[PDB]
A.B. asks: 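Provided herewith is a single structure, encoded as structure tokens, for subsequent inquiry.
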Amino acid sequence: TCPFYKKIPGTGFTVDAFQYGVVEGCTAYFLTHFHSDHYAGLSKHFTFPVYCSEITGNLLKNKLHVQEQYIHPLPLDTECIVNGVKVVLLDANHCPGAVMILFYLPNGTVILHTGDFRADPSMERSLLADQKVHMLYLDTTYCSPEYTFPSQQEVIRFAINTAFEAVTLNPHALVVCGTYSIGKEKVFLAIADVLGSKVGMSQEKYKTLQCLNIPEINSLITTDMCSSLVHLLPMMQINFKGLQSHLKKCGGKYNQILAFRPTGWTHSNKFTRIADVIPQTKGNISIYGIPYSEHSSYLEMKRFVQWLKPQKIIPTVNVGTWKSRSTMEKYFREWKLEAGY
Ligand code: NI
């Protein structure tokens with residue numbers, strides 16, 4: 001059945017609740033972003049109103065074939081009325097088209113649902129600064145102090161310099177980058193830009209990227225693999241077996257692969273600095289795991305919440321075990337006592 005943390009009190013609304021069949025009493029289904037654990041259940045046969053960003057609405061239409069009449073895209077940073085309730089969509093700093101949603105309940109309560117987010121100080125100067133929030137439905141993916149990671153900028157710097165050095169040393173090296181969903185486009189696009197190459201990919205993946213309103217995208221990507229020295233492949237193929245195989249397909253155009261796996265967190269982060277990251281190498285193939293996150297670190301999440309000072313927090317991630325739930329609630333209380341709200 002639909003869990004309580006996907007329901008917005010005092011409304012007929014749900015968030016990211018498409019796999020439960022018809023939710024009893026739901027008048028509008030919100031979708032925060034186009035990732036499969038969140039859209040699971042949508043298709044051309046869906047006949048209820050879906051509210052989302054413009055980019056998420058491009059993907060619903062083009063990838064899932066949802067009929068246009070049921071897609072209700074909303075502009076960001078704009079007060080809108082949905083079934084008599086005022087809402088605003090904010091940028092979530094997650095993947096393309098990902099939003100947070102602010103609901104202004106008729107009784108005066110204000111609720112923020114973060115969807116999936118990477119908290120940032122820039123959020124402290126959006127429409128959130130302008131009124132008090134009573135309840136926060138919080139992306140708690142990495143809500144434990146062991147989860148530290150570098151800025152996105154530092155990670156992209158590392159990847160750009162690594163790729164540039166390798167290819168200038170060996171002009172016959174191929175760069176490969178793994179992907180399994182939208183998000184993290186900066187990794188492969190920044191590498192292609194420093195090398196003066198387009199990124200080559202499957203027709204399915206080119207179609208997905210063409211829905212994202214990225215500027216000058218026709219200049220950066222292509223389906224002609226032959227003309228490209230940055231290839232994108234499914235994340236599952238980013239291993240020695242899958243990479244040797246791909247190298248065989250390139251017809252002796254290349255004699256070395258340098259591959260990037262943009263993971264979330266990995267426990268090399270407790271010890272290792274970004275400066276100190278090394279590949280796993282087998283023969284003429286090297287694989288780098290880089291900690292490019294599109295979710296809040298523990299410290300980034302803590303700062304956002306101590307700034308917002310919500311009256312009640314409802315976690316949306318890691319809610320399936322009592323030890324996780326209990327540990328999260330302990331951090332919430334610490335933050336509150338330290339900050340004084
Ligand atoms: Ni996500």
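The first residue of the sequence shown is numbered 1, and numbering continues consecutively from there. Just so it is clear, the values below take in all heavy atoms, side chains as well, and ignore hydrogens, waters and symmetry mates.
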A.B. asks: What do you reckon, are the aromatic ring centroids of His72 and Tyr51 less than 6.0 Å apart?
C.D. replies: yes

A.B. asks: Kindly say whether the aromatic ring centers of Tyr29 and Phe46 come within a distance under 6.0 Å.
C.D. replies: yes

A.B. asks: Dump the intermediate steps for salt bridge (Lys or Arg N to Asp or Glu O under 4.0 Å) on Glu294 and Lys184, then the final yes or no.
C.D. replies: CA-CA 7 Å; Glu294 294 186 333; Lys184 307 186 185 184; over 6 Å; no

A.B. asks: Are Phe13 and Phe30 an aromatic pair by the rule of ring centers under 6.0 Å?
C.D. replies: yes

A.B. asks: Angle class for the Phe304/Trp307 ring planes (parallel below 30°, perpendicular above 60°, tilted otherwise)?
C.D. replies: tilted

A.B. asks: Classify the angle between the aromatic ring planes of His38 and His33 as parallel (below 30°), tilted (30 to 60°) or perpendicular (above 60°).
C.D. replies: tilted

A.B. asks: Can you establish whether the number of heavy atoms outside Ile278 located under 6.0 Å from its atom CD1 is more than 12?
C.D. replies: no

A.B. asks: Before accepting this row, confirm whether a basic side-chain N of the pair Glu68/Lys61 lies closer than 4.0 Å to the acidic partner's carboxylate O.
C.D. replies: yes

A.B. asks: Would you say the ring centroid of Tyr298 lies under 6.0 angstrom from that of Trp335?
C.D. replies: yes

A.B. asks: Using the benzene-type ring in the case of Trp, are the ring centres of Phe18 and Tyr39 under 6.0 Å apart?
C.D. replies: no

A.B. asks: How about NZ on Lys44, more than 12 heavy atoms from neighbouring residues, nucleotides or ligands closer than 6.0 Å, or not?
C.D. replies: no

A.B. asks: Tell me if the CD atom of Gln67 is crowded by more than 12 foreign heavy atoms within 6.0 Å.
C.D. replies: yes

A.B. asks: List for me each residue that meets salt bridge (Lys or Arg N to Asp or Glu O under 4.0 Å) alongside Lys198, sequence neighbours excluded, and say none if there are none.
C.D. replies: none

A.B. asks: List the steps, then state whether ring-ring contact (aromatic ring centres under 6.0 Å, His included) holds for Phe149 with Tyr142.
C.D. replies: CA-CA 11 Å; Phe149 28 70; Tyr142 297 126; 5.5 Å; yes

A.B. asks: For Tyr104, run the side-chain hydrogen bond (donor to acceptor under 3.5 Å, both in side chains) check against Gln131, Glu79, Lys86 and tell me which one passes.
C.D. replies: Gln131

A.B. asks: Go through it in stages, so that I can follow the logic: the residues are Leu105 and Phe103, the test is side-chain contact (heavy atoms from CB on, under 4.5 Å), and I'd like the CA-CA distance, side-chain angles, deciding distance and then a yes or no.
C.D. replies: CA-CA 6 Å; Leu105 267 38; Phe103 306 93; 4.1 Å; yes

